[PDB]
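A structural walkthrough
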Amino acid sequence: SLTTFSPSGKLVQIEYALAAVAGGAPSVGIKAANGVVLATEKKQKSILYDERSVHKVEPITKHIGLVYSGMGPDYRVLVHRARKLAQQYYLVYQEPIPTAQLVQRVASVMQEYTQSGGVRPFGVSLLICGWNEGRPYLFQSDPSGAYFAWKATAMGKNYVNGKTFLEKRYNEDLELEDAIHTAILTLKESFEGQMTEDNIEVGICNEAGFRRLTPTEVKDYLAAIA
Amino acid sequence: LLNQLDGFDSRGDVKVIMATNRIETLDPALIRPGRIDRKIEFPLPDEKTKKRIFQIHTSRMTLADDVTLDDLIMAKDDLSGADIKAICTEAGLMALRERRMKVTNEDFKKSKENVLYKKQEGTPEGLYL
Amino acid sequence: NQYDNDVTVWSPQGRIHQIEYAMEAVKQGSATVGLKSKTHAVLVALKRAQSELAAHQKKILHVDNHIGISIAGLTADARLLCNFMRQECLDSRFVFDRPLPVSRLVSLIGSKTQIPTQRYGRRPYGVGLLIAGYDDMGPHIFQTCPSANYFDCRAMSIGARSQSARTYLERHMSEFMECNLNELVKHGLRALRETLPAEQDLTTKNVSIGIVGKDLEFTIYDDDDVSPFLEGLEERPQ
Amino acid sequence: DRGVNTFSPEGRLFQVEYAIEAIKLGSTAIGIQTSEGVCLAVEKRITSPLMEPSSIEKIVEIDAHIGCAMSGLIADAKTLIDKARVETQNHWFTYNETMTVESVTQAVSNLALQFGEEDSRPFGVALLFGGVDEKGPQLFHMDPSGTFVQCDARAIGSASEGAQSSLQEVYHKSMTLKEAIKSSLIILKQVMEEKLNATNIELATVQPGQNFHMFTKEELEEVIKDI
Amino acid sequence: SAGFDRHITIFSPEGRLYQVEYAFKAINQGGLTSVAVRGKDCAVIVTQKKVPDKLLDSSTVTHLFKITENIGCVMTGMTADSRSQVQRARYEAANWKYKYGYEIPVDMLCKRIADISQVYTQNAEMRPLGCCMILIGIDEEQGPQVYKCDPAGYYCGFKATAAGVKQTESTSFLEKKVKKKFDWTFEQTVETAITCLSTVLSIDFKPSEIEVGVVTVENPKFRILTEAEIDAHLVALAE
Amino acid sequence: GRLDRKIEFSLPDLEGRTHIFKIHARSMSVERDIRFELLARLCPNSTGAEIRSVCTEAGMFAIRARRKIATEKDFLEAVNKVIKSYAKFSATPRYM
Amino acid sequence: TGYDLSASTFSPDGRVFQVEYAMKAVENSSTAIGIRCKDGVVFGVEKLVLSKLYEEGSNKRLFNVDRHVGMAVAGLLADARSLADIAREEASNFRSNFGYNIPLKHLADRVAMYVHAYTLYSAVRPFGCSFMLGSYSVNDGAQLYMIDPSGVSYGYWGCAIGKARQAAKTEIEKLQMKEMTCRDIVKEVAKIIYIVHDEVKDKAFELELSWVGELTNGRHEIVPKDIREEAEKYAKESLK
Amino acid sequence: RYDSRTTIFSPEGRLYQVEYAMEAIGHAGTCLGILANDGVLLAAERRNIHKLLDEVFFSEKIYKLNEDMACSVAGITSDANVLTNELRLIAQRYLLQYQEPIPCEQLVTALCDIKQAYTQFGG
Amino acid sequence: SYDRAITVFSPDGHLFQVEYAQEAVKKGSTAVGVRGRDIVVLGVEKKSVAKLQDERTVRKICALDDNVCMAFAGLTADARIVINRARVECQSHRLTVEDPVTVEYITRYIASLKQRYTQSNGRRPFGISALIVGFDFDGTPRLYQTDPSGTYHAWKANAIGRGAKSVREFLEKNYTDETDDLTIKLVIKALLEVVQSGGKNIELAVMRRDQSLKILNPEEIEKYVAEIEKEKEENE
Ligand SMILES: Nc1ncnc2c1ncn2[C@@H]1O[C@H](COP(=O)(O)OP(=O)(O)OP(O)(O)=S)[C@@H](O)[C@H]1O
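Residues numbered from 1 in each chain as written, not as in the entry; some residues may be left out. Chains lettered and ligands numbered in written order. Part of a larger assembly, values for the part shown. Heavy atoms only, no water. Residues with missing side-chain atoms left out of burial classes, pairs and counts.

Method of determination for the deposited model, per the PDB record: cryo-EM, at 5.7 Å resolution.

1. Remarks on the overall build of chain C
Keep this limit in mind: Strands are runs of DSSP state E lasting at least 2 residues, helices are runs of H or I lasting at least 4, and numbering of each runs from the N terminus. This radius of gyration counts C-alpha atoms alone. The globule rule is 2.2 Å times how many residues there are, raised to the power 0.38.
Helix and strand content of chain C: six helices and 12 strands. Relative to the globule expectation of 18 Å for 238 residues, the C-alpha radius of gyration of chain C, 18 Å, shows essentially globular dimensions. When its C-alpha atoms are laid out on the principal axes, chain C stretches across 55 × 50 × 40 Å.

2. Quick word on the overall build of chain E
If you tally the helices and strands in chain E, you get six helices and eight strands. In chain E, the order of α-helices and β-strands from amino to carboxyl end is α-β-β-β-α-α-β-β-β-α-α-β-β-α. Over its C-alpha atoms chain E spans a radius of gyration of 18 Å, differing by no more than 12% from the 18 Å that the globule rule assigns to 239 residues. Taking the principal axes of its C-alpha atoms as reference, chain E extends roughly 55 × 45 × 45 Å.

3. Examining unusual backbone geometry
Geometrically, the link from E125 of chain B to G126 of chain B is a cis peptide bond, its omega value of 0 degrees lying close to zero. Within the element layout of this structure, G126 of chain B appears in the segment after helix 5 (105–115). Between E14 of chain E and the following residue, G15 of chain E, the backbone shows a cis peptide bond with an omega angle of -10 degrees. Relative to the elements of secondary structure, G15 of chain E occurs in the segment before helix 1 (20–23). Look at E133 of chain A: it is not a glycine, yet its phi comes out positive at around 60 degrees. Mapped onto the elements of the fold, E133 of chain A is located in the loop between strand 5 (124–131) and strand 6 (136–140). Backbone geometry at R45 of chain D places phi at a positive 55 degrees, although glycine is not the residue there.

4. Some remarks on the interface of chain H and chain A
Keep this limit in mind: The criterion used for residue contact is that any of the two residues' heavy atoms lie within 4.5 Å. Amino acids outside the nonpolar list (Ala, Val, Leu, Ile, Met, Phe, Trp, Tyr, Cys, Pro) and the charged list (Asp, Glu, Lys, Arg) are all regarded as polar, and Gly is one of them.
Contacts between the two partners involve 17 residues from chain H and, on the opposite side, 19 residues from chain A. If you list the elements that add at least two residues to the side of chain H that touches chain A, you get helix 1 (17–25) and helix 2 (79–98) of chain H. With four residues, the top contributor of residues to the side of chain H that touches chain A is helix 1 of chain H. Within the side of chain H that touches chain A, the residues separate by chemical class into nine nonpolar, six polar and two charged.

5. Comments concerning the environment of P207 of chain E
Residue and element names in this part refer to chain E. On the secondary structure map, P207 appears in the loop between helix 5 (187–200) and strand 7 (210–216). Distance in space between the C-alpha atoms of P207 and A2 is 47 Å, their sequence separation being 205 residues. Residues contacting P207, with those up to four places away along its chain left out, are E227, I230, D231 and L234.

6. A word on the pattern of salt bridges
How we decide: Salt bridges are identified by distance alone: a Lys or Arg side-chain nitrogen within 4 Å of an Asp or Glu carboxyl oxygen.
Between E24 of chain C and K27 of chain C there is a salt bridge, and its shortest N-O distance comes to 3.3 Å. A salt bridge links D76 of chain D to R121 of chain D, with the shortest nitrogen-to-oxygen separation between them at 3.2 Å. Taken together, the shared-partner salt bridges connect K187, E188 and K191 of chain G into one network.

7. Focus: the sheet that holds strand 8 (residues 203–207) of chain I
Residue and element names in this part refer to chain I. Heads up, the rule is: In this scheme, strands are said to pair when DSSP sees at least two bridges between them.
Strand order in the open sheet made by the five strands is 7-1-2-8-9, with antiparallel pairing throughout. The open sheet is flanked by strand 7 (157–159) and strand 9 (214–215), the only strands paired with a single partner. Two strands pair when backbone bridges link them, and strand 8 and strand 9 are joined in this way by two bridges, in the antiparallel orientation. Looking at strand 9, one finds that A205 is bridged to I215.

8. Here's the deal with the interface of chain D and chain C
The partner chain C presents 21 residues to the 24 residues of chain D that form the contact. Contributing elements (two or more residues each) for the side of chain D that touches chain C: strand 5 (149–150) and helix 4 (160–170) of chain D. The biggest single contributor to the side of chain D that touches chain C is helix 4 of chain D, with three residues. A per-class count over the side of chain D that touches chain C returns seven nonpolar, 12 polar and five charged.

9. Things to note about the packing of aromatic side chains
Counted only if it meets this: Pairs were defined over the aromatic rings of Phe, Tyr and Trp, the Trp ring being its six-membered one, requiring ring centres within 6.5 Å. Orientation was assigned from the angle between planes: stacked under 30 degrees, edge-to-face over 60, tilted for the rest. Charges are assigned to positions over rings by a cutoff of 6 Å between ring centre and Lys NZ or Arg CZ, combined with an angular limit of 35 degrees from the ring normal.
Ring plane angle 90 degrees and centroid distance 6.3 Å describe the contact between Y221 of chain C and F229 of chain C, whose orientation is recorded as edge-to-face. One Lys or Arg, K112 of chain C, reaches over the ring of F84 of chain C and ends 5.2 Å from the middle of that ring. The ring of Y234 of chain G carries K187 of chain G above its face, with NZ or CZ at 5.1 Å from the centroid.

10. Some thoughts on the pairing of strand 4 (residues 64–70) of chain A
Residue and element names in this part refer to chain A. Where strand 3 (residues 58–61) and strand 4 come together, three bridges link them in antiparallel fashion. Bridging across to strand 4, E58 finds its partner in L66. Connecting strand 3 to the antiparallel partner strand 4 that follows it, the hairpin turn spans two residues. As judged from the seven bridges shared by strand 4 and strand 5, these two strands associate in the antiparallel manner. Within strand 5, the residue paired with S69 across the bridge is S125.

11. Side note on the arrangement of the chains
If you take every C-alpha in chain A and every C-alpha in chain C, the smallest gap between them is 19 Å, and the two do not touch. Kept free of each other, chain B and chain D leave a smallest C-alpha distance of 25 Å between them.

12. Structural notes on the packing of helix 4 (residues 159–169) of chain A against helix 5 (residues 176–188) of chain A
All names here are of chain A. Under the convention used in this document: Each axis is a line fitted through C-alpha atoms, taken for helices only over the stretch in contact, and angles between the N-to-C directions span 0 to 180 degrees. An angle counts as roughly parallel when it lies under 35 degrees, as roughly antiparallel when it exceeds 145, as roughly perpendicular when it falls between 65 and 115, and as oblique in every other case. Handedness of a helix crossing follows the sense of rotation of the near helix relative to the far helix, less than a right angle counterclockwise being left-handed and clockwise being right-handed.
Packing of helix 4 against helix 5 brings their axes to within 9 Å, and their N-to-C directions diverge by 150 degrees. In terms of their interaxial angle, helix 4 and helix 5 are classed as roughly antiparallel. As helix 4 runs across helix 5, the sense of the crossing is right-handed. Together, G162, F165, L166 and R169 of helix 4 and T182, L185 and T186 of helix 5 make up the contact between the two elements. The residue makeup of the contact of helix 4 with helix 5, split by class, is three nonpolar, three polar and one charged.

13. A closer look at the environment of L230 of chain C
Residues and elements named next belong to chain C. With respect to the helices and strands, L230 occurs in helix 6 (residues 227–230). Separated by 124 residues in sequence, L230 and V106 have C-alpha atoms that sit 32 Å apart. With sequence-adjacent residues up to four places away left out, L230 is seen in contact with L202, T203, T204 and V207.

14. Focus: the sheet that holds strand 5 (residues 143–149) of chain E
Residue and element names in this part refer to chain E. Ordered in space as 3-4-5, the three strands form an open sheet in which the pairing is antiparallel. Looking along the sheet, the strands with just one partner apiece sit at the ends: strand 3 (71–75) and strand 5. With strand direction ignored, the average angle separating the axes of adjacent strands in the sheet is 15 degrees. Across five bridges, the pairing between strand 3 and strand 4 (residues 133–139) is antiparallel. Note on strand 4: the bridge partner recorded for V74 is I134.

15. Notes on the packing of helix 2 (residues 76–95) of chain C against helix 3 (residues 102–114) of chain C
Residue and element names in this part refer to chain C. As a packed pair, helix 2 and helix 3 sit with axes 11 Å apart at the nearest point and diverge in direction by 135 degrees. In terms of their interaxial angle, helix 2 and helix 3 are classed as oblique. The handedness of the crossing between helix 2 and helix 3 is right-handed. Every residue of helix 3 that contacts helix 2 at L80, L81, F84, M85, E88 and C89 is listed here: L105, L108, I109, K112 and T113. Residue composition of the contact of helix 2 with helix 3, grouped by class: eight nonpolar, one polar and two charged.

16. Digging into the side chain of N149 of chain C
Rules: Definition of a polar contact: a pair of N or O atoms within 3.5 Å, with one able to donate and the other able to accept a hydrogen when the atoms are protein atoms, and with sequence-neighbouring residues admitted only if both atoms are side-chain atoms.
Mapped onto the elements, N149 of chain C comes out in the loop between strand 8 (138–143) and strand 9 (151–153). Among the polar contacts listed, one links the side chain of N149 of chain C to the side chain of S147 of chain C, at a separation of 2.7 Å. Each residue touching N149 of chain C, except ones within four places of it in the same chain, is listed here: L77 and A78 of chain G.

17. Some words on the side chain of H187 of chain C
Residue and element names in this part refer to chain C. Checked against the element boundaries, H187 lands in helix 5 (residues 181–192). Separated by 3.0 Å, the side chains of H187 and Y168 make a polar contact. Excluding residues that lie within four positions of it along the chain, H187 makes contacts with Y168, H172 and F176.

This is the structure in structure tokens:
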């Protein structure tokens, strides 16, 4: 189940959770020179659903953005945990928490759920970012408790194809607007043909703080951006 | 064959004893006594017998006495009887390929490890004393 | 039959067989017989031994000044329910300063034995209680079961080959109600002498009798106030 | 049957029957009640010459008039002996008197069969208890299942069938002490395998006038050479 | 597939878990249909009853459970999960009212109920409460709301809402009906609810089988309709 | 008319055992001063042929050492064999 | 046939087989019906003597939970005893916390949640009981409820629990139930119980009748059935 | 055959999870240290050398644990965070208790006792 | 008639896992120990130096008190736990009772801990067997051994580990009733009677019942081997 190793391989219940992550809705996130851009791909099943109720792009503090590619019902749980933990840090130190310390503690929580032996892991991969002390960051986690650091990455359906486009398209030096342009390009590479002001949902991170963009400026920008 | 040996036209004094290598795959029509009474197995020889069959086989070569038979004896602690023969013959071959009289330890290592494939006796266990 | 291991599992015919197995474990005890008149309640059991030289394992044990139980089956659970019984007796004897009515005590016994019959991690109690007592309304003869479905009777008998005893109780339950102590006790052992195979006879050292009375405190007897009880008999009709 | 919390379709003890089977492998012991006093004997089954004979415990001392003998598994016996020692001292604490042997063995069999891993295993030892209460001498025999009974002369462990048979041949109610002692060691050197000498067996006799020192030390040699 | 016999809540290969997608038709063993509609400043619940017995009552077969004085709901699926979920909802709404001093918005309540179902899903050794819940309520600065809560813990909420047995067909009619941009003047809502259930089930029956729960921004209290006015709406749509 | 008793038997406990012990004993050159109940306890569970095999092994010892009245020490070694060195192989010792 | 061991697990088609097997456990139990009138609720249980070993007055399935509420259980008896104790405890908490008589809806909902909580987890089994709950109040009238082994608790006019669940309510529902006071309904329940299973599979049975309503001024007790003796002088007239 | 959990022994007797944890060691990053007085060094292999990382951590295998001790690591990565935090906390509790740095062998045996506490228990 | 675990009896009345955890002891390194009348002596074989490390931390002989000495076999981690708890226990005995610790008390503790560890739910038995040698009461030399079952068992000489039957057979064929010179030479003969007796893998430590532990030096042992070879030549 979760208490015993394989004959030679790895932790099959974590590999299956990673497969369930890879079978999820796509997303892309890019670290630029001044800011970080996050973008998801949010298709309603019918024409009935409302786009003002559930939110993918979600702030953790006033300057720390966070998206995922997986299951919202676990996402909200570990979001609430990260909320309470970041506010506990700000109680202790009276200073807004740095993103590396967030990723350490969130990874500790996810690791504690990967421990034995009755609870399942999260089927959630994060993409954490923030602008702490001038230089912005970007930290991807996974259900296995691990974490990384990216310049630009993707997660979801066709993340391999989107990543091979990211390797070709992106570079080291851009601004936030060019980052949004290449981000909607690489999300538009893999999403469905009808992409509107509601099928995507985009938040950015300036050094002036986190900013979650509106459907007004999202519809203004993606009105045939190239 | 059964009706002949231990059935009709019985033994009298006709010593036809049946030894084997396994114990399992046989028809129990003869496992019952009468057909055959006693049974014996064979372990592999021990250190006391390891040095014995070493000196038996290592005698076939002008031994470089600096090589440690006891290391071969404890490492190869499950030498049925083929490795010993094969190992010493191939050690002599390794050496006398160079036409040397003595057989350095490395030649014994190579001889045995060629003879001794697929041997991993470490952990487990491997992880104790 | 692979569903037939634990207490928790309902059967596909709905009969939890752990209860049936506990019943069958009760069926392999010693024979014992309890029966009451209008004024006196008598329970009589049968002793056995491990060998010839050893003493006999006792069955009638004391509980309280007006409560005594018979037993069949396991002995650890017997003494466990004995200690719980004495405890609940001295609890109400402390608090209310009265003797207990028997029915609420046996309801507490059923509620005690309910928990090991429903959760996982305890076995049902192999137990053969025959309870005699005195509330304000006279003698009571109750019996229990490992399924905690306690019964009230006027004459029962549990243990090994106790069915011929039940036939005797059928053909004398009308006659039981009128008599005094002595012929009542000899009706009890005219059940016990049919709880035995016919080629041997009930002796002194193997039988036990416990009388509780409306003015008489519960008292156990062994061989010496039983030598008066064993005479006044004829042979079996061979 | 696998497990202490499941009965049988018929009437099997399992978690206990396999313990009653596990008694049978142990060394033998024989205790005999006589109104003069309780005698007791055991076999050590010494394996090595390095095996120091006085270190193997079979007869231990519970009280100044209460002896013991063990069987089968060693350490369950060690547990029960330790607790039995503790509780008799508690009785002497709250009563200024000696806990009688029936009360001792009820105090042992309160938890001699009380094995529960939740809410541990059943014990693997048979015990022979001898002592002198106010009713004279007493000889007592319990089991792993707590089914405790009095026995006049009980034999345990290995070869107990022929021990009981040849014991019931010679025994009666009005025996004497020394006759029962030599009758016991006759049964012993019919059921043991090695030559009977000074180091194999050990006796334990308790008398009402000789409550102290329930043991015979190398006058046992003089007892053996009288056969 | 399985293989693994899906006995507990783990992850199977490629890639789903089977316990929750078996719980999604514990609704389907209810044998019941529910439809919610939001067009305008009102909100309408409609749900029928399946009472074959004359010995059985009619008041206590009600599925519309008034959660608070401004929040209603309806339940489908098995009854015990539904009623226990309803008392959890009432208890947590009262907890909101105690802790925070004002009336709970219907969004936070669905979030809290979804979180309870997720905790019942995350930890094993508990059955995942196989019932589905639709909520309605009025909120200031947002108008009316209609929400749905899943047994999985996936809340959502939207304009024309339906769950139960036959609601692929109901959502097919609500895609073929909520596509024209007319307003929904409350009798448009009642008429479309009655006729959508009347086209999905195709029965065209007495006013005594369906239950209608409404809430409106003129009286924000939750309100259950009477046989007379249900009959009035039914013959008002009778042409 | 065909078969009408339906008898059965299995391993006797020790009495038929001891009897067969003595049977095979007097059936060969043995020592009379030996007992059987001791040997019987040694015998956990066996057929007469197995027991006969014990007798054969005692004979094997008496072939090794010049024995005429096969002693219970010859039978002791034979028991060591049959019930420990032949209980299955040897896998009992090294824990009392 | 595949997965029906635990009470936590689901099936490939989505139901819990533990609950079904516990539901049809009570089907083998004795037949117990109930019906209310316009001023009371009447219980009635077909109770059987084993052979000749009973005492006619032991182990009565007609319990008495509150001053105005009693049970009419059928199924495993000891589980019903424990559940009756839980119901007594719940009425005790309500009487201690609010100072007046428990409404039957609230009592039934607490009991249904308790039964559902024993159906939820995997350590425990579902109950093997199915019982009736009747009441009466001066401001509420007569209320008769019904709790299955699963925990679905709602209301009836008449019911039946046992073997003849359909075979009682076939002719229960042809009773003019509203216009009768319960003193007619006593012999009505007598004839309904007496119709089912006179001698066919078993040998003999025996009748108990519980009784609550306005005529008891809100009390609940067994009838003095020997008073007016309404079964037998009509049971012997119900065979023709 | 006798697989199921970390406890109990195999029939020879060996262990299951111990060898399989070793075979979980075998597919990881390579470390070493060298024989030197007046200094000591460490070597480490970079896993995941892909071009789109950051390398802003200054340390992926090394963990400077107290002041005058670092440690490399190999194996499953995220167990080591639990171990390194606890190890730092052990050495720091020692320094709190004595105001003398930890003499490193009771530190090593403390971590070995932490690991052995999960070797014995079950499951 | 199943497999797991250590709570189930066999169909014929055994515990498989006590016997099976004895096998790890039966296949471990050898260590012997004898008592002289005033000086006690023991030692381990198989130093097994891998040419490139230190060995002062791998010492298989330690002490709990100034009177008692240790040894073990089997796997070493269980020895580490038992020794750690044994030091604590010996010191806790020193806390109440003001005596020097008797060897019999600490052996009863080791066997009691080992058995209550074996009885419980799913705890793996300690696959060791210790040798506990000390001389306290009037300087009386004692040595006891243990078992995974938990049976302290007093001897006069001992042999454990690999091929212990042969080694104990030599102590059997030596062990004369008829002086720390014969005891030193007896240690030399025991280590010469080792399974390998390489001459450099010999590690021995003694105690003269008033002193502390003395670790010897492998030149004195070389002269011991030389006088053993001299006596072997004098046999001819
Ligand atoms: N009950 C017995 N009485 C006397 N001798 C016996 C007895 N049982 C076995 N033996 C002896 O042991 C040997 C065993 O032979 P069998 O008993 O014929 O073998 P078997 O395999 O049991 O024969 P089957 O299969 O039941 S026909 C015989 O040669 C007998 O002399």
